[PDB]
2 protein chains.
Amino acid sequence: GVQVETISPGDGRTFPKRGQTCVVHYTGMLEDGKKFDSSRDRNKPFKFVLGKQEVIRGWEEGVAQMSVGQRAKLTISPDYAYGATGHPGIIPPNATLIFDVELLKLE
Amino acid sequence: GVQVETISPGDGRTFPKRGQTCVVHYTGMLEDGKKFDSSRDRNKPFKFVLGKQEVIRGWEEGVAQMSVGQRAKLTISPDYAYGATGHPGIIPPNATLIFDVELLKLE
């Protein structure tokens with residue numbers, strides 16, 4: 001699945017709707033803590049229309065449970081992220097993935 | 001599977017061994033011709049140790065059938081590349097992928 005632990009409460013009231021642009025700052029790491037991508041690094045918020053499948057299902061499904069402002073810890077299982085093939089050279093096969101994700105705003 | 005059509009014969013005699021560094025210039029496109037990554041663009045040959053799983057199985061298995069110098073057309077089926085999840089925002093699900101690949105040298 002994806003599972004969501006909170007690290008920061010967000011306004012507790014605004015939650016993403018299908019079609020909205022989620023603006024986020026994330027860090028991605030391997031189940032062993034090993035980091036693999038971060039928008040933080042790049043100093044660039046990342047943005048994706050919710051609903052459009054342009055981000056992994058664990059993100060579609062977990063960021064939709066977050067209120068504006070929230071910082072949360074997402075654990076995503078392979079079936080909800082990159083499956084059995086993985087993404088060679090970045091994500092190995094059947095990797096459970098931990099994302100540290102912060103919802104900055106909706107458009 | 002991967003399937004390999006030739007576009008240029010290579011020396012016909014040197015074939016990659018496990019452990020060797022393959023240096024390649026490729027272009028990747030979607031089964032509809034739509035381009036999605038190219039080392040050519042970047043003017044940078046790409047290099048990967050054969051055998052190490054750091055490139056998709058269709059490449060492990062198809063570039064190993066190429067002699068130094070050869071330019072070949074690789075069609076790779078989802079199971080041999082990015083499976084059913086794909087790589088959201090780049091490769092959609094169950095995509096058959098066409099690579100235009102040229103083997104420049106071995107290290």
# chains A, B, ... in the order shown; residues from 1 in each chain; ligands from 1
$ interface_residues --of "chain B" --to "chain A" --cutoff "7 Å" --atoms "only C-alpha atoms" --output "PDB file with C-alpha atoms, in the first residue's frame"
ATOM      1  CA  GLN B  53      21.768  -5.059 -14.117  1.00  0.00           C
ATOM      2  CA  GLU B  54      22.219  -1.257 -14.331  1.00  0.00           C
ATOM      3  CA  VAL B  55      20.314  -1.115 -17.606  1.00  0.00           C
ATOM      4  CA  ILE B  56      17.046  -2.677 -18.556  1.00  0.00           C
ATOM      5  CA  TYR B  82       9.656  -1.314 -17.302  1.00  0.00           C
ATOM      6  CA  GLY B  83       6.817  -3.772 -16.691  1.00  0.00           C
ATOM      7  CA  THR B  85       3.978   0.172 -13.586  1.00  0.00           C
ATOM      8  CA  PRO B  88       5.223   7.649 -14.612  1.00  0.00           C
ATOM      9  CA  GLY B  89       5.674  10.806 -16.406  1.00  0.00           C
TER      10      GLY B  89
END
$ residues_around --residues "residue 98 in chain B" --least-positions-apart "2" --cutoff "12 Å" --atoms "only C-alpha atoms" --output "PyMOL selection string"
chain B and resi 1-5+26-38+58-59+62+72-78+80-81+91+95-96+100-101
$ write_last_selection --atoms "C-alpha atoms" --output "PDB file, in the first residue's frame"
ATOM      1  CA  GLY B   1      11.568 -10.349 -25.470  1.00  0.00           C
ATOM      2  CA  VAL B   2      14.118  -7.939 -26.992  1.00  0.00           C
ATOM      3  CA  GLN B   3      14.376  -8.231 -30.763  1.00  0.00           C
ATOM      4  CA  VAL B   4      17.297  -6.865 -32.763  1.00  0.00           C
ATOM      5  CA  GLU B   5      17.291  -5.626 -36.306  1.00  0.00           C
ATOM      6  CA  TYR B  26      21.160   5.594 -28.038  1.00  0.00           C
ATOM      7  CA  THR B  27      17.825   7.141 -28.655  1.00  0.00           C
ATOM      8  CA  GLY B  28      14.744   5.786 -26.816  1.00  0.00           C
ATOM      9  CA  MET B  29      11.234   6.075 -28.182  1.00  0.00           C
ATOM     10  CA  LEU B  30       7.749   4.874 -27.464  1.00  0.00           C
ATOM     11  CA  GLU B  31       6.138   2.277 -29.627  1.00  0.00           C
ATOM     12  CA  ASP B  32       4.576   5.172 -31.454  1.00  0.00           C
ATOM     13  CA  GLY B  33       7.955   6.707 -32.489  1.00  0.00           C
ATOM     14  CA  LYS B  34       7.611   9.321 -29.736  1.00  0.00           C
ATOM     15  CA  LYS B  35      11.171   9.982 -28.413  1.00  0.00           C
ATOM     16  CA  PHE B  36      11.886   9.837 -24.707  1.00  0.00           C
ATOM     17  CA  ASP B  37      15.637   9.920 -23.990  1.00  0.00           C
ATOM     18  CA  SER B  38      18.740  10.238 -26.069  1.00  0.00           C
ATOM     19  CA  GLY B  58      16.225  -5.778 -22.958  1.00  0.00           C
ATOM     20  CA  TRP B  59      19.490  -3.840 -23.191  1.00  0.00           C
ATOM     21  CA  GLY B  62      20.141  -7.207 -26.807  1.00  0.00           C
ATOM     22  CA  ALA B  72      20.862  -1.842 -34.302  1.00  0.00           C
ATOM     23  CA  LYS B  73      17.173  -1.400 -33.743  1.00  0.00           C
ATOM     24  CA  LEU B  74      15.977  -2.912 -30.371  1.00  0.00           C
ATOM     25  CA  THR B  75      12.277  -3.597 -29.668  1.00  0.00           C
ATOM     26  CA  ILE B  76      11.849  -4.454 -25.995  1.00  0.00           C
ATOM     27  CA  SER B  77       8.596  -5.714 -24.487  1.00  0.00           C
ATOM     28  CA  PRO B  78       7.395  -4.357 -21.060  1.00  0.00           C
ATOM     29  CA  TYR B  80      11.964  -6.791 -20.532  1.00  0.00           C
ATOM     30  CA  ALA B  81      12.005  -3.059 -19.695  1.00  0.00           C
ATOM     31  CA  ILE B  91       7.098   5.560 -19.669  1.00  0.00           C
ATOM     32  CA  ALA B  95       4.856   0.033 -23.101  1.00  0.00           C
ATOM     33  CA  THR B  96       6.834  -1.763 -25.773  1.00  0.00           C
ATOM     34  CA  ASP B 100      18.019   2.830 -31.681  1.00  0.00           C
ATOM     35  CA  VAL B 101      21.375   1.744 -30.185  1.00  0.00           C
TER      36      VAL B 101
END
$ closest_residue --among "B:67, B:12, B:6, B:39" --to "residue 24 in chain B" --atoms "only C-alpha atoms"
B:39
$ residues_around --residues "residue 103 in chain A" --least-positions-apart "3" --cutoff "8 Å" --atoms "only C-alpha atoms" --output "list in words"
residues 22, 23, 24, 25, 63, 66, 67, 68, 69, 70 and 71 of chain A
$ write_last_selection --atoms "C-alpha atoms" --output "PDB file, in the first residue's frame"
ATOM      1  CA  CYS A  22       0.033  19.605  -5.951  1.00  0.00           C
ATOM      2  CA  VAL A  23       3.227  21.566  -5.278  1.00  0.00           C
ATOM      3  CA  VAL A  24       5.600  19.490  -3.122  1.00  0.00           C
ATOM      4  CA  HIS A  25       9.146  19.313  -1.748  1.00  0.00           C
ATOM      5  CA  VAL A  63      -0.480  12.934  -1.053  1.00  0.00           C
ATOM      6  CA  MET A  66      -2.494  15.323   3.269  1.00  0.00           C
ATOM      7  CA  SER A  67      -3.711  18.768   4.140  1.00  0.00           C
ATOM      8  CA  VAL A  68      -1.944  21.953   2.837  1.00  0.00           C
ATOM      9  CA  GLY A  69       1.194  22.504   4.827  1.00  0.00           C
ATOM     10  CA  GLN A  70       1.596  18.962   6.058  1.00  0.00           C
ATOM     11  CA  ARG A  71       4.861  17.166   6.115  1.00  0.00           C
TER      12      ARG A  71
END
$ closest_residue --among "A:106, A:94, A:19, A:8" --to "residue 49 in chain A" --atoms "only C-alpha atoms"
A:19
$ atom_distance --atom1 "CA of residue 60 in chain B" --atom2 "CA of residue 97 in chain B"
14.3 Å
$ atom_distance --atom1 "CA of residue 45 in chain B" --atom2 "CA of residue 41 in chain A"
25.9 Å
$ select_by_dssp --residues "chain A" --states "strand (DSSP E or B)" --output "VMD selection string"
chain A and resid 2 to 8 21 to 30 35 to 38 46 to 49 71 to 76 87 91 97 to 106
$ select_by_dssp --residues "chain A" --states "helix (DSSP H, G or I)" --output "list in words"
residues 57, 58, 59, 60, 61, 62, 63, 78, 79 and 80 of chain A
$ write_last_selection --atoms "N, CA, C and O atoms" --output "PDB file, in the first residue's frame"
ATOM      1  N   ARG A  57       1.633   5.738  -8.053  1.00  0.00           N
ATOM      2  CA  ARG A  57       0.423   5.495  -7.292  1.00  0.00           C
ATOM      3  C   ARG A  57       0.571   5.698  -5.801  1.00  0.00           C
ATOM      4  O   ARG A  57      -0.317   6.211  -5.160  1.00  0.00           O
ATOM      5  N   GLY A  58       1.644   5.333  -5.152  1.00  0.00           N
ATOM      6  CA  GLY A  58       1.735   5.636  -3.756  1.00  0.00           C
ATOM      7  C   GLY A  58       1.662   7.130  -3.496  1.00  0.00           C
ATOM      8  O   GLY A  58       1.057   7.571  -2.535  1.00  0.00           O
ATOM      9  N   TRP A  59       2.231   7.974  -4.343  1.00  0.00           N
ATOM     10  CA  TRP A  59       2.040   9.400  -4.219  1.00  0.00           C
ATOM     11  C   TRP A  59       0.657   9.834  -4.575  1.00  0.00           C
ATOM     12  O   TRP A  59       0.128  10.742  -3.958  1.00  0.00           O
ATOM     13  N   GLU A  60       0.000   9.277  -5.589  1.00  0.00           N
ATOM     14  CA  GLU A  60      -1.332   9.755  -5.938  1.00  0.00           C
ATOM     15  C   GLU A  60      -2.173   9.557  -4.702  1.00  0.00           C
ATOM     16  O   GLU A  60      -2.871  10.421  -4.169  1.00  0.00           O
ATOM     17  N   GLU A  61      -2.054   8.337  -4.189  1.00  0.00           N
ATOM     18  CA  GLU A  61      -2.860   7.935  -3.068  1.00  0.00           C
ATOM     19  C   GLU A  61      -2.477   8.389  -1.738  1.00  0.00           C
ATOM     20  O   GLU A  61      -3.331   8.506  -0.898  1.00  0.00           O
ATOM     21  N   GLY A  62      -1.231   8.610  -1.440  1.00  0.00           N
ATOM     22  CA  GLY A  62      -0.853   9.187  -0.166  1.00  0.00           C
ATOM     23  C   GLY A  62      -0.878  10.698  -0.171  1.00  0.00           C
ATOM     24  O   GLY A  62      -1.414  11.244   0.768  1.00  0.00           O
ATOM     25  N   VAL A  63      -0.409  11.479  -1.144  1.00  0.00           N
ATOM     26  CA  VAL A  63      -0.480  12.934  -1.053  1.00  0.00           C
ATOM     27  C   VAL A  63      -1.934  13.428  -1.012  1.00  0.00           C
ATOM     28  O   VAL A  63      -2.321  14.452  -0.453  1.00  0.00           O
ATOM     29  N   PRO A  78       6.316  -1.918  -3.495  1.00  0.00           N
ATOM     30  CA  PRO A  78       6.702  -1.953  -4.902  1.00  0.00           C
ATOM     31  C   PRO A  78       5.551  -1.894  -5.863  1.00  0.00           C
ATOM     32  O   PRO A  78       5.510  -1.190  -6.861  1.00  0.00           O
ATOM     33  N   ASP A  79       4.527  -2.660  -5.567  1.00  0.00           N
ATOM     34  CA  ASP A  79       3.308  -2.595  -6.344  1.00  0.00           C
ATOM     35  C   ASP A  79       2.692  -1.254  -6.437  1.00  0.00           C
ATOM     36  O   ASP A  79       2.018  -0.990  -7.402  1.00  0.00           O
ATOM     37  N   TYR A  80       2.923  -0.392  -5.465  1.00  0.00           N
ATOM     38  CA  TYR A  80       2.455   0.997  -5.493  1.00  0.00           C
ATOM     39  C   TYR A  80       3.508   2.026  -5.993  1.00  0.00           C
ATOM     40  O   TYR A  80       3.372   3.240  -5.874  1.00  0.00           O
TER      41      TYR A  80
END
$ atom_distance --atom1 "CA of residue 9 in chain B" --atom2 "CA of residue 44 in chain B"
22.2 Å
